[PDB]
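Laid out below as structure tokens are two forms of one and the same protein chain, each shown alone and named structure 1 and structure 2.
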Structure 1
């Protein structure tokens, strides 16, 4: 007989092993490409007193109206503060684009407490190159001194044309007189309260003041030299495409970018580079559909509940979509299988609060251990806010494993086989499952997702190398 306390012990043991497995496998990974979104994250830790004053100055009325009538993008200070309060009320990760110049000035005056690398590729770069020491090539749309220096020391590189020769240099050695792409990040803890609104869960509002990543502008090197860049890596992780709109007022379309991305995938595939897509929520239906059609060209995809559900919705499975959005684990599993049926993709990594899943056409415990590694990395990132040394991830071993997910696994054993803890066989697929490590009082919430997907993908690959 295997009880709950025994199960708690068993996961502690598998967590410890996995961390060791990952450590030994990571040095095998010979290069990762990361694209396309890199920016600056300007982090403010909200203050009740300060926030209230600001709302009050601009007009509390208008601000409170905006909480109920949320715009699509920020065009005034009211809509900014409305967006922030809304984010607090709903305890929700939100991000709105800042079109207004006057607001950008307001954002910069209001300032920040901490400056960190930003964007999905950027955050992943610091982690993979700086913490894991995997040689990393990263797309950086604009590289002024302030941008470049947020990169930690290590094998992090940007491609640069010198003659016909393409060189790989550290970002601090490719500084140009270009734009600061600032994302303003407003973190709040569980129970944060402003006026009569209290936060149910810890989250952040992001006021996105970044005109380049908005349209996915690519550097010369990536447009003209993608092939030479590709010869340098074994892995690629692609993100940032969720921003794309079907139409722009300037007559351009999403197709301009996706045709380009598809060429990249064709090149990646010609070199047998394994690629992972972060399929962030894509508001534009037509674009979401186009992204789904690209999925067969990727090796792997990462997603959460609303992402999985939004995908189910466009292939015409609304019953399943609603159930995924309701958090029903067996519905999540069916959605992953449907997605794999639709696309033939090798790997789907799903993450939510308390547990991860990975569905794969291939087999092995490496899939599970990578989920476990990533779970620790996520926990460590939440504790420390920003990661710097792989040994800091060892600290996450003492964060308790989510007890609800441990119990949930009993349900998985009854429904599916389970040949090993957290490991399920299907006829031509394997399903890995992991109870995660939820940090009660996190230092920051930005970048946790990035840490999850990239950590599982790269450590899995490393561990699977024969």
Structure 2
């Protein structure tokens, strides 16, 4: 007879338990992951009403409110900084503007922060894969002054240093350098935060970006001259941070100054049979977005969400498919994943959205689904606790109810794409895996989650499949 809704609920609970056990057994098999390129410092301030109003008044209230109506491209004055914050509160929208002015950068440091944590997709994933999962990790740190180095947690996290010719791997706190602090000031505000007449529709953040190095992808000399020797020490690589690249720069350089070098790294990784996963974050420039699609055949794997997959369909699908993917309509998402895998021949695509994940793979097996389940629990644990510290904290995410609507979506999906096992579907020359996720009702954290999902699935899948 058909498995009822209450039966599929029990069945997903058992799959989640077994997948957590299998991931914990498999993860010790991973002998190294490389993470590149973006690592910075995040300085978080929880905005205060009086303090923010006083600063708007000091600088000139008429100049600030004008900036909310006509926003600039980047921050070049204190008026523009505080205009962007109030616009972010008014619209309720996640914004990030680059700080060009040295005077504003001094003003931001004096205003300060309530909390400091590692930033950047590579930097955050070093603390997760190295600190929590204990996988030996080499991370790219474009500028490593003391304030940056000491944001890394204890565990097997490593950065390359040159001893004349010989490359060594040491903890980041053992490699402090006289280098720039790359700080992103994150001004956070709750649901219905109010300042003057302006009031927030929902909770969000404005980011003031004072980081010259990750914006242009300037790489350490150890990754420029010693990449092959780094490669010899890992089995996996996760590449992120290319989404900032512009087609043209005012100094006449272009995006290929960085992408030719990235491609040279991929050539090395593939010569050593390292499996690589690209985080295809939204890339505003369409010519750069297309050059990154054309680099996908040299990756093993790609991670993307509904905005990021819709964006890629705008350049290689069609606009109507892109619209449907943006909304997370499962059959259009599948069609899009298939179009991307037909265009690139990439072996793995992991899609993640609100309620469910999909993974389309050229190879077959239950490990693909169990890695998705582990990633779901890692994400729910991070959102629950704010930041994770040990891998046993992810066990508590087993208590978070699985999203019941996505259990029902599984039926709809299965009527067209028959399953051979729960969450697992054969196609002619590929496999599709589906899991319903764990949505945390009152999350302590809303940032770093997408990377947590995408990294955790890729690394635990490899660990489980390794033979």
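Numbering follows the first chain given and starts at 1. Only the largest set of C-alpha atoms that superpose within 1.5 Å between the two forms is called the rigid core.
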task: Fix the rigid core, compare C-alpha positions between the two structures, and report which of 229, 336, 107, 329 shifts by 2 Å or more.
output: 107
- prompt: If you line up the core, does residue 241 shift 2 angstroms or more at its C-alpha between the two structures?
  reply: no
- request: With both forms fitted on the core, give yes or no for whether the Cα of residue 48 moves by 2 angstroms or more between the two structures.
  value: yes
task: Examine residue 296 after superposing the rigid core and state whether its CA is displaced by 2 Å or more between the two structures.
output: no
task: Determine, in Å, the CA shift of residue 320 between the two structures after the rigid core is used for superposition.
output: 1.1
- request: Keeping the rigid core fixed, work out how far the Cα of residue 184 travels between the two structures, to one decimal in Å.
  value: 2.2
- request: Align on the rigid core first, then pass along the CA displacement of residue 376 between the two structures in angstrom.
  value: 0.3
